[PDB]
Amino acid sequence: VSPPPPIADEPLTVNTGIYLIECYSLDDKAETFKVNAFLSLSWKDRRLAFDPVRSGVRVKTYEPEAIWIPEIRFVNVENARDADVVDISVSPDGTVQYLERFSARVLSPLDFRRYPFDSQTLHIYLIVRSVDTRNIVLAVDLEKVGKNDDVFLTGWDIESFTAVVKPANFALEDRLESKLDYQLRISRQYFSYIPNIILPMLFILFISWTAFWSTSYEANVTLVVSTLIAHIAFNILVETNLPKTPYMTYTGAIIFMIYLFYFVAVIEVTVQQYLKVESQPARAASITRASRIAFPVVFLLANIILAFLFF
């Protein structure tokens, strides 16, 4: 079976639609998500036209093997989609209506700059390669784009699922390709990060600052070094949920900055002890009293500066 022949010199328009049934497994490290959806295709094939009066039937059902079907592929998939044809219907004028249900692991880059307060635009790129007899061009049937109300992506809020209606037409190996961009806009449910990572991380930091109300070097060393090790455990925990980025994320910036605070608290604790041994406790008392104000104040201002640069 060959492609439908043109009346003039017009390309063949394959109208498309994607109806999401399931969204699952958004893997941040892999920058992938799994999708279960309906792919609907429609085009005119005059060779398939019939008279409903003469044939009796208003529509004709076909097996994929019996007719020409455009080879539609996904650009950003790991392996070719697992697809199962649901129906093929042909109106008297030869308008074919094809429907298949598929599943696919989609590869789509994520911007982690504002993590865990980030929003993403996931993409599903549909593509068709033209043949020598005909140039094939893709279109969007908006009445056939959508998602099931129950569609849930664990740890994310689905905002919208739309299609950029004008395809990106280009040459690849001296043949025309027509590409469509289906965009799934999502925003991360940041909630759990607050009681599990953010507040525990602040609590251990504030505990290290109790060393500014202590003259005991041994206890101070314990407070600052112990909490520093717990900070390292949180840094390791966070970086295991994320891929390695060539930029700084919001959480990464805070986590990094908090090390400087631990480092400066060790200097203070060291200086205090040194002065007391040198019989200068009055000078050490001045440094410790200033630290009580300076550490929370510089921490609050540094955080305002960071929140400003990132949001």
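The first residue of the sequence shown is number 1, and the count goes up from there.
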Report task. Decide which of the stretches 265-273 and 55-63 has the higher mean C-alpha B-factor, going by the entry. Result -> 55-63
Report summary line: Higher of the two mean Cα B-factors (167-175, 143-151; per PDB record) comes from 143-151
Query raised in the report: Between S103, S208, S192, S91, which carries the biggest CA temperature factor in the record?
Result: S91
Query raised in the report: Based on what the PDB entry reports, which of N196, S187, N76, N135 has the top C-alpha B-factor?
Result: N135
Requested in this report: Classify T95 as lowest, middle or highest third according to the C-alpha B-factor given in the PDB entry, relative to its own chain.
Outcome: highest
Query raised in the report: Relative to the other modelled residues in the chain, which third contains the C-alpha temperature factor of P281: lowest, middle or highest?
Result: highest
Query raised in the report: Compared with the other modelled residues in the chain, in which third is the CA B-factor of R129?
Result: middle
Query raised in the report: Going by what the PDB entry lists, where does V224 fall on CA B-factor within its chain: lowest, middle or highest third?
Result: lowest
Query raised in the report: Which third of the chain holds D82 when residues are ordered by C-alpha B factor: lowest, middle or highest?
Result: highest
